[PDB]
Amino acid sequence: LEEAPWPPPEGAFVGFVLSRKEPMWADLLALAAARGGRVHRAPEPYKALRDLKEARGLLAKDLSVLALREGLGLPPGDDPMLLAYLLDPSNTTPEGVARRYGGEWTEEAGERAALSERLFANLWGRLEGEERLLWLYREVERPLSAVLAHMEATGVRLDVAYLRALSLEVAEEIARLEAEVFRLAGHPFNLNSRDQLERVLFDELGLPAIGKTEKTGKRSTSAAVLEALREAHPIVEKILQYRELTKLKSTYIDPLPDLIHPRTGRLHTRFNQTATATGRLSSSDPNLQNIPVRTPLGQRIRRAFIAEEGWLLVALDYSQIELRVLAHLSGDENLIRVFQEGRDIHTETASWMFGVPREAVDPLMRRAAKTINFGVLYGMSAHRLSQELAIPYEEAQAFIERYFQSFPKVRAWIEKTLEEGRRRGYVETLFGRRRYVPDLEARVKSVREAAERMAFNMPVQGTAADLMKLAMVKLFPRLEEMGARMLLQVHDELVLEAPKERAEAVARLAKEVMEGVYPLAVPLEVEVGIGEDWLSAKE
DNA sequence: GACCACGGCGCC
DNA sequence: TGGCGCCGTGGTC
Ligand SMILES: Nc1ncnc2c1c(C#CCCCNC(=O)CCCCCCCCCO)cn2[C@H]1C[C@H](O)[C@@H](COP(=O)(O)OP(=O)(O)OP(=O)(O)O)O1
Ligand SMILES: [Mg+2]
Ligand SMILES: [Mg+2]
Ligand SMILES: [Mg+2]
Ligand SMILES: [Mg+2]
Ligand SMILES: [Mg+2]
């Protein structure tokens, strides 16, 4: 390319180098742009950032996040990563995408800008004729990148002192559990090592090994294994209690307070737009899509996520989203009627499991019912179902045959999806987002059947993801008009932050937007809550 | 310090 | 059952 002085003309493709992967923590080492056979290298990256009208190119969102961090309203535009990801969700990295579509992902800004230009040209050519994928790009992925950029740059408030105090409390309880475990074992060892624990439980002690690890074929010390050994030895209960506490402390309680940004005073995650095979987003550095909520201690951690002073959090969650999506995709008359009548499968399944009335079903019980409903739907064996519910094989078998007898179009839709997946080499969501599943015709039954479960799950999980993405795109400008913020997304959940005076209005509006984003054969219902913290904003 | 693989497990 | 990312361990570089 012909070397030309900064700045570049409008609509140029940008290239940039960061000191680290996280845009909120990165130092902009270099900045460059490419257009019309020319390449423009910035003398000073930060200053040159102001000359750009938009971030157009590879990893456009990340540069936009860094710009927002610096108080610059620099929206992300075209990004070859998004084009490639729509063609094939296995296109997750700039290294892979570059190699596959015409170039190399180097560590020089000028070359990255030149790469972005060429990749866009080729990938745009690949999307020609693909109207449905083009629609997803223009209407979903590209505008969503802007929304995500704001979310990442905004961050969430965290009660640091609360967590640091909690750490000291948990540490003492952990000490009590490990002391008991070492006594029961008759000797101390590394309780954090599953290899050492395996020897203690199965060799040294008398406990029998139930299962094996997937990859190394060693005797498993997993939860499911320990759950069945709870009455065989008192050490098992202690190990399980130790597991939970150390898990939460090492993953959440301890590292999270150390990640508060010195300028924003808030916690900043990354929403990865090209990281899953189904079309879902992912969250990392840190992951804020797996903050605990099940156990009492997990709930205490959840409460540490709070609203800014003078603000309130608004939490919105789609009701039974993937079941409703299933009703639309399969076109099952009965399943459609279930939601038209306003029934709840999760509640009904829970009442059956625990043998209680519908009014007796609590959130924890309803949570367990989700494992059953989605598990059975996505091909859980009758053997495991019997084990999960501690029931005979016939009863578990009776539940699955009953599960599909009510909705005949479901099994039919699954089989249709599978055949089409084998023939075309891919399956697709309602909007046409595709996933290539080549192991549908594998020799090995375990490999082939696993691929099948991946295959017919994607149109359901992916469509729900498409719906949520579309809702976020529509909702965001409405929130900016009201002075509200979009903070987090948890697959079918949205967490907003609104000024107290407008909190109620924002909640109503956001509920309406999500419910009416893209109507199906069944209505979409959204549960909404408001509160000072994430947990309270749900209850 | 870094990467990887692995078991394990947090959430949807 | 599916979809993720992060923990410590173990091994390595
Ligand atoms: N085990 C699985 N296997 C396969 N797929 C799974 C799952 C799975 C799960 C799980 C266990 C934990 C789920 N979450 C809870 O039970 C805690 C929810 C508390 C907050 C409730 C918010 C609404 C409040 C209403 O008052 C979710 N999914 C998929 C399928 C779901 O449709 C989608 C979103 O899950 P959720 O929102 O948790 O459950 P649903 O939306 O189906 O029901 P909802 O509870 O009415 O929202 O994610
Ligand atoms: Mg830091
Ligand atoms: Mg939901
Ligand atoms: Mg949810
Ligand atoms: Mg309505
Ligand atoms: Mg793994």
Side-chain angles (χ1 to χ4, degrees), chain A residues 89 92 189-198 211-227 239-240 242-256 259 269-272 274-295 297-299 301-302 317-322 325-326 346 367 370-385 387-388 400 403 414 427 429 435 437 449-465 468 488-495 534:
Chain A
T92 64
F189 60 96
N190 195 345
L191 191 46
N192 296 323
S193 175
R194 51 86 48 224
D195 284 339
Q196 299 188 29
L197 182 58
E198 178 186 347
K212 295 300 187 66
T213 64
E214 173 66 38
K215 300 298 190 174
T216 53
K218 288 182 284 188
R219 295 169 296 188
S220 182
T221 62
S222 71
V225 168
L226 302 184
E227 295 271 358
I239 295 170
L240 281 177
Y242 176 88
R243 283 271 178 88
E244 173 183 333
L245 264 49
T246 53
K247 173 72 167 183
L248 297 183
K249 185 176 184 295
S250 64
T251 304
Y252 307 102
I253 304 180
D254 288 338
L256 289 184
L259 298 181
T269 184
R270 303 180 64 195
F271 288 103
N272 311 291
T274 69
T276 72
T278 58
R280 273 192 173 186
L281 299 173
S282 80
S283 174
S284 63
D285 316 283
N287 187 352
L288 294 186
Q289 285 181 330
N290 71 333
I291 297 306
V293 78
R294 186 173 84 260
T295 66
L297 179 59
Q299 294 172 17
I301 300 174
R302 194 98 165 185
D317 192 319
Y318 276 109
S319 168
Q320 318 173 66
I321 184 61
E322 292 194 10
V325 164
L326 179 66
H346 293 338
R367 176 184 188 92
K370 297 187 186 182
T371 300
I372 304 304
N373 290 333
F374 298 134
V376 170
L377 172 57
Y378 296 137
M380 177 183 297
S381 61
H383 172 28
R384 177 169 182 173
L385 182 56
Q387 292 297 107
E388 289 285 350
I400 302 181
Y403 197 94
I414 294 178
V427 286
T429 66
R435 174 188 180 179
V437 190
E449 289 182 339
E452 286 181 340
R453 295 190 297 272
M454 302 181 190
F456 76 87
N457 164 271
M458 183 268 178
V460 184
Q461 181 185 121
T463 297
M468 171 55 78
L488 302 173
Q489 185 259 42
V490 195
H491 313 304
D492 80 333
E493 180 179 340
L494 283 184
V495 177
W534 195 352

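Each chain gets a letter, A, B and so on, in the order its sequence line appears, and its residues count up from 1. Computation of the quantities below employed the complete heavy-atom set of this structure, encompassing side-chain atoms and omitting hydrogens, waters and symmetry-equivalent molecules.
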TODO: Please look at the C1'-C2'-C3'-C4' dihedral of C/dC7 and say whether its sugar is north or south.
DONE: north
Task: Atom-to-atom span, CG of A/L191 to P of B/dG8 - whole angstrom - done: 13 Å
TODO: Quick one: label A/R294 by what it contacts on the DNA or RNA (base, sugar-phosphate, nothing), any heavy atom closer than 4.0 Å.
DONE: sugar-phosphate
- [ ] For A/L226 and B/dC9, give me the distance from atom CG to atom P, rounded to whole Å.
- [x] 7 Å
Task: Rounded distance in Å - CD (A/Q489) to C1' (C/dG3) - done: 12 Å
Task: Nucleotide B/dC11, atom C1' - distance to CZ of A/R367 in whole Å - done: 7 Å
Open item on the list: For a quick test of reading the model: is some side-chain N or O of A/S220 closer than 4.0 Å to OP1 or OP2 of B/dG7?
Closed with: no
- [ ] May I ask you to decide if A/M454's main-chain N or O and A/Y378's side chain share a donor-acceptor pair within less than 3.5 Å?
- [x] no
TODO: Please report the shortest heavy-atom distance between A/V293 and A/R367, naming the atom on each side.
DONE: CG1-NH1, 3.7 Å
Task: Sugar-phosphate only, base, or nothing, as touched by A/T246 at under 4.0 Å among non-hydrogen atoms - done: nothing
- [ ] Verify the contact: side-chain N or O of A/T278 to OP1 or OP2 of C/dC4, cut-off strictly under 4.0 Å; return yes or no.
- [x] no
Task: Length of the line joining A/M380:CE and C/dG3:P, which is rounded to integer Å - done: 14 Å
Task: Options B/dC9, C/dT1, C/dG3, nucleotide nearest the side-chain atoms of A/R243 - done: B/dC9
Open item on the list: So if I take every side-chain heavy atom of A/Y252 and compare against C/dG5, C/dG2, B/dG10, which nucleotide ends up nearest?
Closed with: B/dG10
Task: Closest to the A/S284 side chain, choosing from C/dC6, B/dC6, C/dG2 - done: C/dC6
Open item on the list: If you compare every side-chain N and O of A/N287 against the phosphate oxygens of C/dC6 (OP1, OP2), does one of them come in below 4.0 Å?
Closed with: no
Open item on the list: Below the 4.0 Å mark, does C/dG2 have OP1 or OP2 next to a side-chain nitrogen or oxygen of A/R453?
Closed with: yes
TODO: Could you tell me whether the phosphate oxygens of B/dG7, OP1 or OP2, come under 4.0 Å of any side-chain nitrogen or oxygen in A/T213?
DONE: yes
- [ ] Using a 4.0 Å heavy-atom cut-off across all strands, classify A/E322 as base, sugar-phosphate, or nothing.
- [x] nothing
Open item on the list: Check this one for me: any side-chain N or O of A/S282 less than 4.0 Å away from OP1 or OP2 of C/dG3?
Closed with: no
Task: Between C/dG2 (P) and A/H491 (NE2): distance, integer Å - done: 16 Å
Task: Under 4.0 angstrom between A/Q289 side-chain N/O and C/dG3 OP1 or OP2 - done: no
TODO: Consider the side chain of A/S250, meaning its heavy atoms from C-beta on, and name the nucleotide among C/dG3, C/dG5, C/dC7 that approaches it most closely.
DONE: C/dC7
- [ ] Taking only the side-chain nitrogens and oxygens of A/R302, find out if one of them lies under 4.0 Å from OP1 or OP2 of B/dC11.
- [x] no
Open item on the list: Can you see if the side chain of A/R194 gets near the phosphate of B/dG8 - specifically, an N or O under 4.0 Å from OP1 or OP2?
Closed with: yes
- [ ] Using only heavy-atom distances, determine whether the side chains of A/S283 and A/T269 contain a donor-acceptor pair under 3.5 Å.
- [x] yes
Task: Donor-acceptor under 3.5 Å (A/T213 side chain, A/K218 main chain) - done: yes
Task: Side chain of A/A277 - closest among B/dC6, C/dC4, C/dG10 - done: C/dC4
TODO: Classify the sugar of B/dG10 as north or south, using the sign of the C1'-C2'-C3'-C4' torsion: positive means north, negative means south.
DONE: north
Open item on the list: For a quick check of understanding: with a heavy-atom distance under 4.0 Å over all strands, which category does A/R435 fall into, base, sugar-phosphate or nothing?
Closed with: sugar-phosphate
Open item on the list: Any carboxylate oxygen within less than 4.0 angstrom of a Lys/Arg side-chain nitrogen, looking at A/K212 and A/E198?
Closed with: no
Open item on the list: Taking any heavy-atom pair under 4.0 Å as a contact, classify A/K247: base, sugar-phosphate, or nothing.
Closed with: base
Open item on the list: The side chain of A/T251 is closest to which nucleotide in this list: C/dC7, C/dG3, B/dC11?
Closed with: C/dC7
Open item on the list: Testing the 3.5 Å rule here: is there a donor-acceptor pair between the side chains of A/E388 and A/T371?
Closed with: no
Task: Sugar-phosphate, base or nothing in reach of A/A223, heavy atoms under 4.0 Å - done: sugar-phosphate
Task: Phosphate OP1/OP2 of B/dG7: any A/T221 side-chain N/O under 4.0 Å - done: no
Task: Whole-Å distance separating the CD1 atom of A/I321 from the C1' atom of C/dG3 - done: 15 Å
Task: Among A/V437, A/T278, A/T276, A/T463, side chain to side chain contact (heavy atoms under 4.5 Å, CB included) partner for A/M458 - done: A/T278
- [ ] In whole angstrom, give the distance that lies between atom CD1 of A/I414 and atom P of C/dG2.
- [x] 13 Å
TODO: Would you please confirm or rule out a distance under 4.0 Å between OP1 or OP2 of C/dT9 and any side-chain N or O of A/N190?
DONE: yes
